[PDB]
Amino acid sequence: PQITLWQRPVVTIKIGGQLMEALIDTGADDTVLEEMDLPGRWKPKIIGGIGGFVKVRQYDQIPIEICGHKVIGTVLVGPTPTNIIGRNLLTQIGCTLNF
């Protein structure tokens, strides 16, 4: 579909059989969701945002269903206030920027 930028581009994702709301973010190199337990093991990871660096878990190759398109990929889990779908899973769902 064609989503507009008048409001934040929020889509529902299905990770772990449960649905939540995520935010389409083309500026993020990776995907970072709010802290929780996912069905796998994790490693530690450090990623930086505006203002400072954060410490997150790194669940690798998790199967996440982004709005009809099923994908697999690395999701980071940390103290973020909003779930972010970065450009690792977006390129998978065939997402582009047009203007």
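Don't overthink the numbering: it's just position in the shown sequence, from 1.
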Higher avg CA temperature factor (61 to 69 vs 22 to 30, as deposited) belongs to 61 to 69
Going by the entry, of stretches 70 to 78 and 36 to 44 the one with greater average Cα B-factor is 36 to 44
From the entry's CA B-factor values, the highest among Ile15, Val10, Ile84, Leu89 is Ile15
On the chain's distribution of Cα B-factors, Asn98 falls within the third called middle
